[PDB]
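Descriptive analysis of the structure
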Amino acid sequence: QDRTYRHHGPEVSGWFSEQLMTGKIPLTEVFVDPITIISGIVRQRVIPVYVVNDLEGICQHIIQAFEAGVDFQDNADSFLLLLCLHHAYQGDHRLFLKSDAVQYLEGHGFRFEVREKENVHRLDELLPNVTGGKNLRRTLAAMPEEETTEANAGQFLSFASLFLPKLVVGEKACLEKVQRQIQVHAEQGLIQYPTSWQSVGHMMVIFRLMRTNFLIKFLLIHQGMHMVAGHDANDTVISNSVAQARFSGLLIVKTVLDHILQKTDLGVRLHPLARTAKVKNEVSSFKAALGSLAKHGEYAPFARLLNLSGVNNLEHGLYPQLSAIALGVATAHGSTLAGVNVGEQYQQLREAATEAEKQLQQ
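Residues numbered from 1 in each chain as written, not as in the entry; some residues may be left out. Heavy atoms only, no water. Residues with missing side-chain atoms left out of burial classes, pairs and counts.

**Details of the side chain of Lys-287**
Operational definition: Helix and strand assignments come from DSSP, with helices taken as H or I runs of at least 4 residues and strands as E runs of at least 2, each series counted from the N terminus. Working definition: with a 1.4 Å probe on protein chains only, accessible area under 20% of the residue-type maximum means buried, over 50% means exposed, and in between means partly exposed. For the purpose of counting charges, residues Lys and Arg are taken to be positive, whereas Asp and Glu are taken to be negative. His and the chain ends are not included. Criterion for a salt bridge: a side-chain nitrogen of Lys or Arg within 4 Å of a carboxyl oxygen of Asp or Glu. N or O atoms closer than or at 3.5 Å make up a polar contact, with two conditions inside protein: a donor-capable atom paired with an acceptor-capable one, and, for residues adjacent in sequence, both atoms drawn from side chains. We call two residues contacting when some pair of their heavy atoms lies within 4.5 Å.
As for its position among the elements, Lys-287 is in helix 13 (residues 280–294). The buried charged residue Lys-287 lacks any salt bridge partner; its closest oppositely charged side chain belongs to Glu-29, at an N-O distance of 11 Å. At a separation of 3.2 Å, a polar atom in the side chain of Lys-287 contacts the main-chain carbonyl oxygen of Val-32. Discounting chain neighbours no more than four positions away, the residues touching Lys-287 are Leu-27, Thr-28, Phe-31, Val-32 and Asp-33.

**Topic: the pattern of salt bridges**
Scanning all chains against the criterion turns up seven salt bridges. Of the charged contacts in the structure, one is a salt bridge between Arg-246 and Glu-18, with a shortest N-O distance of 2.6 Å. On the basis of relative accessible area, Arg-246 is assigned to the partly exposed category, the value being 27%. When salt bridges with common partners are traced through the structure, they connect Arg-45, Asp-74 and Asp-77 into a single cluster.

**Describing the packing of aromatic side chains**
As a reminder, the rule being used: For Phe, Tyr and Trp, rings pair up if their centres lie within 6.5 Å, where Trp contributes its six-membered ring, and each pair is then called stacked (planes under 30 degrees apart), edge-to-face (over 60) or tilted (otherwise).
Using the criterion set out here, one finds 19 aromatic pairs in the structure. Aromatic pair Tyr-104 and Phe-218: ring centres 5.4 Å apart, planes at 5°, arrangement stacked. Of this pair, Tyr-104 sits in helix 5 (residues 100–107) while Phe-218 sits in helix 10 (residues 214–226), placing them 114 residues apart in sequence. Here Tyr-104 falls in the buried class, since its relative accessible area comes to 17%. Measuring from centroid to centroid gives 4.8 Å for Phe-218 and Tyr-299, while their planes differ by 40°, and the two rings are tilted. Separated by 81 residues along the polypeptide, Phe-218 in helix 10 and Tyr-299 in the loop between helix 13 and helix 14 (320–332) bring together distant segments of the chain. For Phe-218, a relative accessible area of 0% corresponds to the buried category. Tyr-299 gets classed as buried once you look at its relative accessible area, which sits at 4%. One aromatic cluster is present, built from ring pairs that chain together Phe-66, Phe-72, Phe-79, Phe-156, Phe-159, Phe-163, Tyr-193 and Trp-197.

**Some details on the packing of helix 9 (residues 200–212) against helix 10**
In plain terms, the rule: Axis definition: a line fit to C-alpha positions, over the contact stretch in the case of helices; interaxial angles, taken between N-to-C directions, run 0 to 180 degrees. Our angle categories are set so that under 35 degrees counts as roughly parallel, over 145 as roughly antiparallel, 65 to 115 as roughly perpendicular, and the remainder as oblique. When residues are sorted by character, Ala, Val, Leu, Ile, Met, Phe, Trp, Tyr, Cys and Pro go into the nonpolar class, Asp, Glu, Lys and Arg into the charged class, and all the rest, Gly among them, into the polar class.
Two elements in contact, helix 9 and helix 10, have axes whose closest approach is 5 Å; the angle formed by their N-to-C orientations is 90°. Taken together, the axes of helix 9 and helix 10 lie roughly perpendicular to each other. Together, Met-210, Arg-211 and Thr-212 of helix 9 and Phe-214, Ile-216, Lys-217 and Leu-220 of helix 10 make up the contact between the two elements. Grouping the amino acids of the contact of helix 9 with helix 10 by side-chain chemistry returns four nonpolar, one polar and two charged.

**Overview of the sheet that holds strand 5 (residues 268–270)**
Rule in force here: Two strands qualify as a pair provided DSSP detects at least 2 bridges between them.
With respect to topology, three strands assemble into an open sheet ordered 1-4-5, the strand pairing being antiparallel. Every other strand in the sheet has two partners, leaving strand 1 (7–10) and strand 5 as the edge strands with one partner each. For this sheet, the mean angle separating the axes of adjacent strands, direction not counted, is 25°. Pairing of strand 4 (residues 261–264) with strand 5, which is carried by three bridges, proceeds in the antiparallel orientation. If you follow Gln-262 over to strand 5, its bridge partner there is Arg-269.

**A short note on the domain arrangement of the protein**
To keep it simple, the criterion reads: Note: domain ranges come from an automatic or database domain assignment. The term buried area refers to how much accessible surface (probe radius 1.4 Å) is lost by two components on association, counted for both of them together.
In terms of domains, the protein is made up of domain 1 (7–33 + 248–360) and domain 2 (45–140 + 154–244). Taken together, the ten residues of domain 1 in the interface contact 14 residues of domain 2. Across the domain 1/domain 2 interface, buried area totals approximately 1,200 Å², and carbon plus sulfur atoms make up 71% of it. When the buried surface of domain 1 facing domain 2 is broken down by residue, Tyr-299, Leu-305 and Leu-306 rank first, second and third, together holding 51% of it. Counting every contact that joins domain 1 to domain 2 gives three residue pairs in polar contact. When the residues that make up the side of domain 1 that touches domain 2 are grouped by side-chain class, the tally is five nonpolar, three polar and two charged.

**Section: the side chain of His-93**
For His-93, the position within the fold is in helix 4 (residues 93–97). Not counting chain neighbours up to four residues away, the residues in contact with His-93 comprise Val-49, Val-51, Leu-85 and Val-114.

**Some points on the environment of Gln-321**
Within the secondary structure, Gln-321 sits in helix 14. In this structure the C-alpha to C-alpha distance between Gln-321 and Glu-282, which are 39 residues apart in sequence, comes to 7.6 Å. A polar atom in the side chain of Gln-321 sits 3.1 Å from the side chain of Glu-282.

**Looking at the environment of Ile-191**
Following the sequence through the fold, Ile-191 ends up in the loop between helix 8 (171–187) and helix 9. Given the relative accessible area of 12%, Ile-191 is considered buried. Put simply, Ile-191 and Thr-236 are 45 residues apart on the chain and 9.5 Å apart in space, counted from C-alpha to C-alpha. In this structure, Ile-191 is in contact with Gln-155, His-185, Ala-186, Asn-234 and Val-237, ignoring residues within four places of it in sequence.

**A word on the state of the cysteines**
Applied cut-off: Disulfides are defined in this document as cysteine sulfur pairs within 2.5 Å.
Counting across every chain of the model gives zero disulfides. With no disulfide of its own, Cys-59 lies 9.1 Å from the sulfur of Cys-84, the closest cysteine sulfur. A residue is classified by how much of its surface remains accessible, and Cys-59, at 0% relative accessible area, is buried.

Listed below in structure tokens is the structure:
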């Protein structure tokens, strides 16, 4: 039986482009084409891992500190880690230190050092230093030992996760997304957060925290993907939040990639118009950018959210020719690509792709 040639068009499913961006399919399947201590610099970020009795109590104090609008400038990691330790790992810090997630973080220069504190009076005791900013230490010491918060570590984390999906868009779009999502979860009877948390003041505090702190974002993403069973109401929210945040700030370039990929009866390949000499330079840079992205594996889809290096090179605007081919193919199927606009200079390439597609549809 000879070849039954069939044209199926672009990979609008998004499956193939996802595998390419997460390193599960090598880029050579579609495309073609050591740093030393004396040459490079690695910034180590030491994160104290405080083992403590009454981890619940300390977590309540941490929550109440955030509720009071306390701004942990760059000493938030230790306290935020205790929240994640208490909720996700239920106290077991040693199991966490063995995770593949910690190994990945050690790639980012993170160094987790355990520090045993038999008993700590308050949060001021968990930030020892003779030189650092003392405004926080005095503030944390000024915090009352009174229990005031209505929530727990789980709710704080699930609430924070709501900021992930639209974090990269801006403060207005993010907060509005949080508000809508809170209503969805509340109406469906999944979770109900404290009233005071939904105030503009409190939401702004959590927004500034999420936007500046890499670790809390990563740990939520870690929890959302690698939690396999025993899901709380909180775990469910977190998993849903992380799922929605997938490829946030990368959706446009991803659809461009989808439409420059062509599927036939033989398999998937790059669009012929993308294989011309005129565009080979753009494809080379694009492959290099995807390669840098794919090294992050299962964390690649949150690359723009986590502000990983090189992700700026994935803005579709940098690839007008590929965008043109992508839109050219899209328009042939009566479809359109959101956020993609081809200038007059590339319309000829755009029309060529359109005419090419409507030709192949036999």
